[PDB]
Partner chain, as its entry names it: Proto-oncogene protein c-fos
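Only one chain comes next, encoded as C-alpha cells, the form deposited without its partner chain.
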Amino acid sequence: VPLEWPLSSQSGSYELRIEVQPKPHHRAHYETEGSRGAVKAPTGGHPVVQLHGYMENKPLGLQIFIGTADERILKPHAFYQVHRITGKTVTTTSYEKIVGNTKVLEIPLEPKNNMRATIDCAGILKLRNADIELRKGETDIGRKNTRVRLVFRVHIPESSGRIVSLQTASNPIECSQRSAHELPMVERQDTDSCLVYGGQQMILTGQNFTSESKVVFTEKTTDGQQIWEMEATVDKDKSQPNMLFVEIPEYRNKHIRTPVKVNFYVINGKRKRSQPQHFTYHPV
C-alpha cells in the first residue's frame, strides 16, 4: 500500500484514534544540528494513538510519517522527515524504514496496552529546500511550507486473508521556529530624515515599548560594517503607552557633502531588539 492512498480512520469495528493531539508548535531540527526533541503534547506529555476494536491478541505495528498539512491532499511532506529518537527518556521502541523518499517510523501497538501507544520517540527533521527542489520531478515549493502533520496508520490482518488498513492524521503543527515573544517593534516613525545636527524629536509608535526601552542609531557599510553606533536619548520622563519620543542624535560627521543612509532600532534588553529602521542625515 502507497503512502499517498486515501485510507480511513475507521472500517466497521476498527477505528484508529489520536487520543492525544500534539502541540500546534514544534521547531524542527536540521541535519547540521542536534536533535530538537520529540513532538510534545500540549499538556506536557506526548501524543497518544490508539486502535479501537481490535479484540485479537496479537501486537500490531503502528506506522509514523510526516505529511502535508492539507487534509484533501494527505501526502508525505517533501521537506520534512520523521526523526527517530532513542535512549533513556524514550519509553517506546521503534524501527525506521524508507518508503519512496519517505522515512517511516514503526512503533508497536500492544494488546496489553489496549492498542494504545505513546509517541514520545518521534521528532522532526527539516530538509533543505534547495536539496529537495533539485530532485527531478518534484514541484512542491519549500519556502514558507512549514506546516506539517503527524500521520499514523496501521494494517490489520484479518484471519480471512485480507488486511484492513487504517490511518489517522494529527492536527497541523508549525515547524518553523517562531523567533519573537516579548519583542518591541516600530510600525510608525514620525521623521525619516534630518540634518547632521540632529536635535529634532522623532515620534515612534510600535509594540512592547517598556520603561527601559532604548533607541540606537547605527551605520554600516555595503559589506555590513558597523562603523557607527550611538544611543539616542528617549524622553522617558513621560510618554503614551506604546509610543516613544526620541531625540535624533547628531551624525558623527557634520561635514558630509551628500546625504547618508542610516539605521536605528529599539532595545529592551541585551537581546530584545526590534527590526532595523531607516533614517537619512542630510548635509547642511
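Only residues modelled in both forms are compared. In this text, rigid core is short for the largest set of C-alphas that superpose within 1.5 Å between two forms. Numbering follows the first chain given and starts at 1.
The same protein also exists as the form deposited with its partner chain bound; that form is not shown, yet it is the one meant from here on.
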{"query": "Single option in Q225, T258, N57, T43 placed near its partner chain in the deposited complex, where near means a heavy atom within 4.5 Å", "finding": "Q225"}
{"query": "Residue among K97, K112, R72, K88 with a heavy atom within 4.5 Å of its partner chain in the deposited complex", "finding": "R72"}
{"query": "Heavy atom of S13 within 4.5 Å of its partner chain in the deposited complex", "finding": "yes"}
{"query": "Heavy atom of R178 within 4.5 Å of its partner chain in the deposited complex", "finding": "no"}
{"query": "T280, heavy atom within 4.5 angstroms of its partner chain in the deposited complex", "finding": "no"}
{"query": "Partner-facing stretch of 103 to 111, 149 to 157, 72 to 80, 116 to 124, counted where any non-hydrogen atom is within 4.5 angstroms of its partner chain in the deposited complex", "finding": "72 to 80"}
{"query": "Stretch 140 to 173: residues contacting its partner chain in the deposited complex, 4.5 Å heavy atom cut-off", "finding": "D140, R162"}
{"query": "Which of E174, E138, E212, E110 is displaced between this form and the one not shown by 2 angstroms or more at its C-alpha, rigid core aligned", "finding": "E212"}
{"query": "Is_shifted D192 between this form and the one not shown (CA, 2 Å cut-off, rigid core)", "finding": "yes"}
{"query": "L183 C-alpha relocation of at least 2 Å between this form and the one not shown, rigid core basis", "finding": "yes"}
{"query": "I227 C-alpha relocation of at least 2 Å between this form and the one not shown, rigid core basis", "finding": "yes"}
{"query": "Residue pair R153, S11 - Cα distance in the deposited complex, closer or farther (3 Å or more)", "finding": "closer"}
{"query": "Shifted regions of at least three residues between this form and the one not shown, judged by C-alpha displacement of 2 Å or more after core alignment", "finding": "5 to 13, 70 to 72, 86 to 100, 178 to 284"}
